[PDB]
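Chemist:
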Amino acid sequence: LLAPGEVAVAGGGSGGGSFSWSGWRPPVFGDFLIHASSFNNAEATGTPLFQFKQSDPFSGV
Amino acid sequence: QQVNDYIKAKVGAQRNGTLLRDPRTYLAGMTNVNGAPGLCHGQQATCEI
Amino acid sequence: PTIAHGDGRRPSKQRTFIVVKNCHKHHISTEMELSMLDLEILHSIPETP
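Okay, here's the thing in structure tokens:
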């Protein structure tokens, strides 16, 4: 888990192994703070999401 | 219009109008200088008629 | 259980009560940050003091 590169690799990084392992890039995530009534929980984990750019400054939600 | 401006002036409305939702929503930099400078008793309790 | 009365009242027969109880699922998490110099150095062999 404590790898020097960007992907975790076997052995604990003892050997460099694959320089770029099979060309695998880790995903990037995004956190959002939603008004719970604005988003129905029953949506399955597959739905593509769209963010409206609120036009008020320094908001947090 | 000038009936509306006459009422709002003599009634004391439109004050403290800078910040609306509770301040935990806003991240930082919210000055809110306009509403008040300091309180000697505590949270303003809203009475209603 | 019950009690036998000498009145003419209707008898509550042998009664059985069933009650179910369900679990509650709880979750917890935290996050850390590690600089890449530390992860990178941890592996390299030191040479000079």
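Chains as they are written, first to last, in the entry's author numbering: chain P, 62 to 122; chain H, 1136 to 1184; chain S, 100 to 148.
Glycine included, every Cβ here is placed at the ideal spot set by N, Cα and C.
#1: With 8 Å as the threshold, decide whether the Cβ of H:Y1141 is near any Cβ in chain P.
#2: Output the boundary residues of the alpha helix (DSSP H) element that contains S:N121.
#3: At 9 Å on the CB atoms, spell out the chain P contacts of S:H142, in chain order.
#4: Roughly how many whole angstroms lie between the Cα atoms of S:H125 and S:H104?
#5: Determine, using beta carbons only, whether S:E139 comes closer than 8 Å to chain P.
#6: What are the boundary residues of the alpha helix (DSSP H) that includes S:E139?
#7: When you compare the CB positions of H:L1155 and H:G1170, do they come within less than 8 Å of one another, or not?
#8: From P:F93 to P:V68, what does the alpha carbon distance come to, in whole angstroms?
#9: Which word fits P:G74, buried or exposed, when buried means at least 16 other C-beta atoms lie within 10 angstroms of its C-beta?
#10: Is the Cβ-Cβ distance between P:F90 and H:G1164 less than 8 Å?
#11: Does the Cβ-Cβ distance between H:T1181 and P:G121 come in under 8 Å?
#12: DSSP state of P:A105, grouped into three classes?
#13: So what does DSSP say about S:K112, is it helix, strand or coil?
#14: Anyone know if the C-beta pair for P:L63 and S:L136 falls short of 8 Å?
#15: Nearest chain P C-beta to H:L1162 closer than 8 Å, yes or no?
Modeler: If we stick to the structure as given:
#1: no
#2: Where S:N121 is concerned, there is no enclosing alpha helix (DSSP H), given that its DSSP letter is neither H nor E.
#3: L63, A64, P65, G73, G74 and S75
#4: 51 Å
#5: yes
#6: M135 to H142
#7: Going by C-beta atoms, H:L1155 is not nearer than 8 Å to H:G1170.
#8: Each residue's alpha carbon lies about 25 Å from the other.
#9: Of the other Cβ atoms in all chains shown, 16 or more fall within 10 Å of the Cβ of P:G74; this residue is therefore buried.
#10: no
#11: Between H:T1181 and P:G121, the CB-CB gap reaches or exceeds 8 Å.
#12: coil
#13: coil
#14: no
#15: yes
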